[PDB]
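A.B. asks: Structure: structure32.txt, compact mmCIF, C-alpha atoms and all ligand atoms.
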# COMPACT_ATOMS: atom_id res chain seq x y z
CA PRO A 1 -17.70 -39.71 -47.31
CA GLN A 2 -20.60 -40.06 -49.69
CA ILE A 3 -23.42 -42.56 -49.28
CA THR A 4 -25.70 -43.48 -52.15
CA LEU A 5 -29.32 -44.51 -51.64
CA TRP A 6 -29.61 -47.75 -53.64
CA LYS A 7 -29.72 -49.57 -50.31
CA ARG A 8 -30.53 -48.42 -46.78
CA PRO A 9 -27.74 -45.99 -45.67
CA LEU A 10 -26.39 -47.94 -42.71
CA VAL A 11 -23.24 -46.96 -40.80
CA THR A 12 -21.49 -48.18 -37.68
CA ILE A 13 -22.08 -46.22 -34.50
CA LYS A 14 -20.68 -46.41 -30.99
CA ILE A 15 -22.99 -45.65 -28.05
CA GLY A 16 -22.74 -46.68 -24.40
CA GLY A 17 -19.57 -48.60 -25.14
CA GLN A 18 -21.22 -50.76 -27.82
CA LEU A 19 -20.87 -50.86 -31.61
CA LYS A 20 -24.13 -51.00 -33.58
CA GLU A 21 -25.40 -50.48 -37.10
CA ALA A 22 -27.70 -47.51 -37.66
CA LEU A 23 -29.64 -45.81 -40.43
CA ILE A 24 -28.84 -42.25 -41.53
CA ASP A 25 -32.34 -40.81 -41.60
CA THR A 26 -33.01 -37.29 -42.86
CA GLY A 27 -36.73 -37.78 -42.23
CA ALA A 28 -36.27 -38.41 -38.51
CA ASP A 29 -36.31 -35.42 -36.20
CA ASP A 30 -34.91 -37.50 -33.37
CA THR A 31 -32.45 -40.38 -32.83
CA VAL A 32 -33.99 -43.68 -31.75
CA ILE A 33 -31.88 -46.62 -30.60
CA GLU A 34 -32.99 -50.19 -30.01
CA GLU A 35 -33.55 -51.25 -26.42
CA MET A 36 -30.31 -51.08 -24.47
CA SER A 37 -29.43 -50.50 -20.83
CA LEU A 38 -27.94 -47.00 -20.81
CA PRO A 39 -26.93 -45.54 -17.44
CA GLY A 40 -28.56 -42.76 -15.47
CA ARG A 41 -31.70 -40.71 -15.46
CA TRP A 42 -34.15 -40.50 -18.38
CA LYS A 43 -37.60 -38.99 -19.05
CA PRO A 44 -40.64 -40.78 -20.55
CA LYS A 45 -41.52 -39.73 -24.10
CA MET A 46 -43.87 -40.78 -26.90
CA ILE A 47 -42.75 -40.39 -30.52
CA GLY A 48 -44.69 -40.73 -33.74
CA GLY A 49 -43.82 -42.68 -36.83
CA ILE A 50 -45.79 -43.36 -39.97
CA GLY A 51 -47.85 -45.97 -38.14
CA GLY A 52 -48.56 -44.27 -34.82
CA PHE A 53 -46.75 -43.64 -31.56
CA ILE A 54 -44.40 -45.68 -29.41
CA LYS A 55 -43.11 -45.22 -25.87
CA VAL A 56 -39.39 -44.47 -25.47
CA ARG A 57 -36.95 -43.37 -22.75
CA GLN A 58 -35.32 -39.98 -23.40
CA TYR A 59 -31.65 -39.71 -22.41
CA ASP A 60 -29.92 -36.35 -22.68
CA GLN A 61 -26.29 -35.46 -23.35
CA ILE A 62 -25.45 -38.93 -24.73
CA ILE A 63 -22.31 -39.27 -26.82
CA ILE A 64 -22.59 -41.22 -30.06
CA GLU A 65 -19.85 -41.74 -32.57
CA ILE A 66 -21.33 -41.95 -36.09
CA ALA A 67 -19.03 -43.41 -38.78
CA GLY A 68 -16.09 -42.01 -36.84
CA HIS A 69 -17.61 -38.53 -36.13
CA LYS A 70 -18.73 -37.58 -32.57
CA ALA A 71 -22.18 -36.13 -31.78
CA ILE A 72 -23.62 -35.35 -28.32
CA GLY A 73 -27.29 -35.00 -27.73
CA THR A 74 -30.57 -36.59 -26.99
CA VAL A 75 -31.06 -40.28 -27.67
CA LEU A 76 -34.38 -42.06 -27.41
CA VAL A 77 -34.34 -45.74 -26.44
CA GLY A 78 -37.13 -48.16 -27.06
CA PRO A 79 -38.56 -50.90 -29.19
CA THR A 80 -37.63 -49.63 -32.63
CA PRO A 81 -36.84 -52.20 -35.37
CA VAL A 82 -33.77 -50.30 -36.61
CA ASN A 83 -31.34 -47.89 -34.99
CA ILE A 84 -32.18 -44.44 -36.44
CA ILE A 85 -29.80 -41.46 -36.50
CA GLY A 86 -31.96 -38.38 -36.90
CA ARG A 87 -31.36 -34.73 -37.63
CA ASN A 88 -30.54 -33.76 -34.05
CA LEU A 89 -27.27 -35.66 -34.41
CA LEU A 90 -26.76 -35.53 -38.19
CA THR A 91 -26.38 -31.75 -38.03
CA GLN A 92 -23.49 -32.20 -35.60
CA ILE A 93 -21.52 -34.32 -38.04
CA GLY A 94 -22.06 -31.91 -40.87
CA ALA A 95 -24.24 -34.19 -42.95
CA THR A 96 -26.00 -32.90 -46.04
CA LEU A 97 -28.30 -34.16 -48.78
CA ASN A 98 -27.08 -33.35 -52.24
CA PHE A 99 -28.63 -33.57 -55.72
CA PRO B 1 -28.67 -28.21 -54.24
CA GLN B 2 -26.90 -29.01 -50.98
CA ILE B 3 -29.48 -29.31 -48.15
CA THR B 4 -28.43 -29.04 -44.49
CA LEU B 5 -30.49 -30.67 -41.72
CA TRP B 6 -31.15 -27.95 -39.11
CA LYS B 7 -34.77 -27.89 -40.32
CA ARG B 8 -36.86 -30.64 -41.89
CA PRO B 9 -35.71 -31.08 -45.51
CA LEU B 10 -38.96 -30.10 -47.16
CA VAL B 11 -39.18 -29.54 -50.92
CA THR B 12 -41.94 -28.77 -53.40
CA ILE B 13 -43.13 -31.63 -55.59
CA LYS B 14 -45.50 -31.84 -58.53
CA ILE B 15 -47.62 -35.00 -58.81
CA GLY B 16 -50.72 -35.46 -60.97
CA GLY B 17 -50.20 -31.80 -61.99
CA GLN B 18 -50.61 -30.59 -58.41
CA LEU B 19 -48.03 -28.94 -56.15
CA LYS B 20 -47.41 -30.38 -52.70
CA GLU B 21 -44.72 -30.12 -50.04
CA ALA B 22 -42.80 -33.29 -49.12
CA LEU B 23 -40.05 -34.50 -46.82
CA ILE B 24 -36.78 -35.86 -48.21
CA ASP B 25 -36.49 -39.04 -46.15
CA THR B 26 -33.42 -41.26 -46.51
CA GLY B 27 -34.89 -43.62 -43.89
CA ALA B 28 -37.94 -44.34 -46.06
CA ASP B 29 -37.61 -47.23 -48.51
CA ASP B 30 -40.63 -45.98 -50.52
CA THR B 31 -42.46 -42.75 -51.34
CA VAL B 32 -45.84 -42.14 -49.72
CA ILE B 33 -48.14 -39.17 -50.31
CA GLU B 34 -51.25 -38.13 -48.31
CA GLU B 35 -54.64 -39.11 -49.65
CA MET B 36 -55.35 -37.50 -53.02
CA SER B 37 -56.91 -38.28 -56.34
CA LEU B 38 -54.23 -39.59 -58.76
CA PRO B 39 -54.60 -40.76 -62.36
CA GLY B 40 -53.73 -44.37 -62.96
CA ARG B 41 -54.55 -47.92 -61.89
CA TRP B 42 -53.40 -48.90 -58.40
CA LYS B 43 -53.09 -51.95 -56.19
CA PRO B 44 -53.52 -52.29 -52.43
CA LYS B 45 -50.32 -52.46 -50.37
CA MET B 46 -49.26 -52.16 -46.70
CA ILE B 47 -46.12 -50.38 -45.45
CA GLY B 48 -44.67 -50.29 -41.96
CA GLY B 49 -42.55 -47.94 -39.92
CA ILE B 50 -42.40 -46.76 -36.33
CA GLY B 51 -45.79 -47.33 -34.71
CA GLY B 52 -46.97 -49.98 -37.17
CA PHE B 53 -48.51 -50.35 -40.59
CA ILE B 54 -50.72 -48.26 -42.87
CA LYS B 55 -52.71 -49.33 -45.89
CA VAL B 56 -51.88 -47.52 -49.10
CA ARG B 57 -52.69 -47.47 -52.80
CA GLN B 58 -49.65 -48.36 -54.92
CA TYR B 59 -49.38 -46.50 -58.22
CA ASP B 60 -46.58 -47.61 -60.52
CA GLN B 61 -44.69 -45.51 -63.05
CA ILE B 62 -45.99 -42.11 -61.91
CA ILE B 63 -44.35 -38.93 -63.16
CA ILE B 64 -43.30 -36.71 -60.26
CA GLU B 65 -41.10 -33.61 -60.12
CA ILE B 66 -39.03 -33.20 -56.94
CA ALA B 67 -37.47 -29.77 -56.38
CA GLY B 68 -37.35 -29.39 -60.18
CA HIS B 69 -35.89 -32.86 -60.89
CA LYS B 70 -37.91 -35.52 -62.77
CA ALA B 71 -38.59 -39.00 -61.47
CA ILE B 72 -40.96 -41.66 -62.80
CA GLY B 73 -41.64 -44.46 -60.37
CA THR B 74 -43.79 -45.98 -57.65
CA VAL B 75 -45.86 -43.63 -55.51
CA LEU B 76 -47.89 -44.90 -52.56
CA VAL B 77 -50.98 -42.90 -51.49
CA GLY B 78 -52.53 -43.22 -48.05
CA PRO B 79 -52.90 -41.82 -44.52
CA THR B 80 -49.24 -40.91 -43.97
CA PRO B 81 -48.69 -38.14 -41.41
CA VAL B 82 -46.51 -36.20 -43.87
CA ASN B 83 -45.70 -36.51 -47.59
CA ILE B 84 -42.48 -38.55 -47.87
CA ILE B 85 -39.99 -38.87 -50.73
CA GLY B 86 -38.12 -42.10 -50.13
CA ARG B 87 -35.14 -43.87 -51.61
CA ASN B 88 -36.91 -45.28 -54.65
CA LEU B 89 -37.24 -41.76 -56.06
CA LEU B 90 -34.24 -40.16 -54.34
CA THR B 91 -31.99 -42.53 -56.31
CA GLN B 92 -33.67 -41.37 -59.54
CA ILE B 93 -32.84 -37.73 -58.90
CA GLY B 94 -29.23 -38.54 -57.94
CA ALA B 95 -29.48 -37.73 -54.26
CA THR B 96 -26.62 -38.65 -51.94
CA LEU B 97 -25.73 -38.18 -48.29
CA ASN B 98 -22.42 -36.43 -47.64
CA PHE B 99 -20.38 -35.73 -44.52
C1 LIG C 101 -38.26 -40.03 -34.84
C2 LIG C 101 -38.92 -41.14 -35.68
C3 LIG C 101 -37.95 -42.18 -36.07
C4 LIG C 101 -40.04 -41.73 -34.88
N1 LIG C 101 -39.47 -40.48 -36.88
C5 LIG C 101 -40.16 -41.08 -37.83
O1 LIG C 101 -40.48 -42.28 -37.81
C6 LIG C 101 -40.58 -40.18 -38.97
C7 LIG C 101 -42.08 -39.94 -38.81
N2 LIG C 101 -42.59 -39.02 -39.93
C8 LIG C 101 -44.03 -38.84 -39.72
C9 LIG C 101 -44.37 -37.99 -38.52
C10 LIG C 101 -45.12 -38.49 -37.46
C11 LIG C 101 -45.48 -37.70 -36.40
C12 LIG C 101 -44.98 -36.42 -36.39
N3 LIG C 101 -44.19 -35.84 -37.34
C13 LIG C 101 -43.86 -36.66 -38.43
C14 LIG C 101 -42.36 -39.70 -41.16
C15 LIG C 101 -40.88 -39.99 -41.36
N4 LIG C 101 -40.36 -40.85 -40.31
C16 LIG C 101 -38.95 -41.09 -40.55
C17 LIG C 101 -38.72 -42.41 -41.32
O2 LIG C 101 -37.53 -42.31 -42.09
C18 LIG C 101 -38.57 -43.55 -40.32
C19 LIG C 101 -38.35 -44.95 -40.96
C20 LIG C 101 -37.97 -45.95 -39.84
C21 LIG C 101 -37.87 -47.37 -40.31
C22 LIG C 101 -36.90 -47.74 -41.25
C23 LIG C 101 -36.85 -49.06 -41.69
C24 LIG C 101 -37.71 -50.00 -41.20
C25 LIG C 101 -38.63 -49.65 -40.23
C26 LIG C 101 -38.69 -48.33 -39.79
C27 LIG C 101 -39.59 -45.47 -41.64
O3 LIG C 101 -40.72 -45.39 -41.13
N5 LIG C 101 -39.39 -46.06 -42.81
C28 LIG C 101 -40.44 -46.81 -43.46
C29 LIG C 101 -41.18 -46.10 -44.58
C30 LIG C 101 -41.57 -44.81 -44.75
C31 LIG C 101 -42.27 -44.41 -45.85
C32 LIG C 101 -42.55 -45.35 -46.83
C33 LIG C 101 -42.22 -46.67 -46.72
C34 LIG C 101 -41.52 -47.08 -45.62
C35 LIG C 101 -40.98 -48.42 -45.16
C36 LIG C 101 -39.91 -48.11 -44.10
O4 LIG C 101 -38.67 -47.81 -44.79
Can I see the file as structure tokens?
Ligand SMILES: CC(C)(C)NC(=O)[C@@H]1CN(Cc2cccnc2)CCN1C[C@@H](O)C[C@@H](Cc1ccccc1)C(=O)N[C@H]1c2ccccc2C[C@H]1O
C.D. replies:
Amino acid sequence: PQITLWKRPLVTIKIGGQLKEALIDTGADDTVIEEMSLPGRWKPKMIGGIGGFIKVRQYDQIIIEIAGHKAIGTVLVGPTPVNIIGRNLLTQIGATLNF
Amino acid sequence: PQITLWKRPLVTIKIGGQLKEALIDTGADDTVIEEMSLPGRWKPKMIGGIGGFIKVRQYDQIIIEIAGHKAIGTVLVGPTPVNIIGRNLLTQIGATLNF
């Protein structure tokens, strides 16, 4: 598929048995998901946005399905205002920017 | 070109006649550049992302070259951690996401 940039590039994802909407974000190094109760162990992390840092829980080896394509990797969970799919997972689905 | 996402998608820009490096950021609604002197009138604005808000100067109708492609549009200037090319200018240069 191709996604234009007139509007925020939102897609459906599946994570932890739930469907959500998420932003395809080439500027994000990491994937950040809104607060949800994912199972198992996690590690504390702080991550920086344009405005400063927030506290998140780092979960490793988490499977996400992104617009029908699987990715496995690290997912950060915390109080983000949007679900963000970052480069760590976008590479796995073969996503590119083109112009 | 076609840009993969294993590294940050950094490109060279020209703004106010000066070369800078900037991040292609599909998760950014707007374009924000680190503090610099820029010709034109501006108006105060606030933008928010992860971590909160920053105060910026909004410059309308600014000529900017992005990886050799011309755009003319709104450029925000302020204490962003990195120079960011957002959707307002990515649309101008014809950028799409593909997977
Ligand atoms: C891993 C994490 C998500 C924390 N990364 C970021 O936030 C990075 C931070 N770097 C910086 C950094 C910080 C620390 C270390 N390395 C890099 C700058 C680039 N952002 C990526 C942005 O695309 C993130 C989005 C998130 C968002 C989208 C919609 C609404 C709220 C939040 C973002 O901040 N977008 C905002 C945005 C951005 C620019 C201009 C205007 C606007 C408005 C809004 O679209």
A.B. asks: Residues within 6 Å of ligand LIG 101 (chain C) (only C-alpha atoms and all ligand atoms), as a PyMOL selection string?
C.D. replies: (chain A and resi 25+27-30+47-50+81) or (chain B and resi 25+27-32+47-50+81-82)
A.B. asks: Up to 8 Å from chain A, what residues of chain B turn up? Count all atoms listed in the file and give them as a PyMOL selection string.
C.D. replies: chain B and resi 1-6+8-9+23-29+48-54+80-81+87-88+90-91+93-99
A.B. asks: Mind checking which residues fall within 10 Å of residue 62 of chain B, counting all atoms listed in the file, ignoring those fewer than 3 positions away in the same chain, and posting them as a PyMOL selection string?
C.D. replies: chain B and resi 15-16+38-40+59+65+71-76
A.B. asks: Just how far from atom CA of residue 11 of chain B is atom CA of residue 21 of chain A, in Å to one decimal?
C.D. replies: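 Going from atom CA of residue 21 of chain A over to atom CA of residue 11 of chain B, I get 28.6 Å.
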A.B. asks: For the atom pair atom CA of residue 18 of chain B and atom CA of residue 78 of chain B, what is the interatomic distance in Å to one decimal place?
C.D. replies: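 Atom-to-atom, atom CA of residue 18 of chain B to atom CA of residue 78 of chain B, that is 16.4 Å.
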A.B. asks: How many Å lie between atom CA of residue 83 of chain A and atom CA of residue 56 of chain B, rounded to one decimal?
C.D. replies: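 Spanning atom CA of residue 83 of chain A to atom CA of residue 56 of chain B is a straight-line distance of 24.9 Å.
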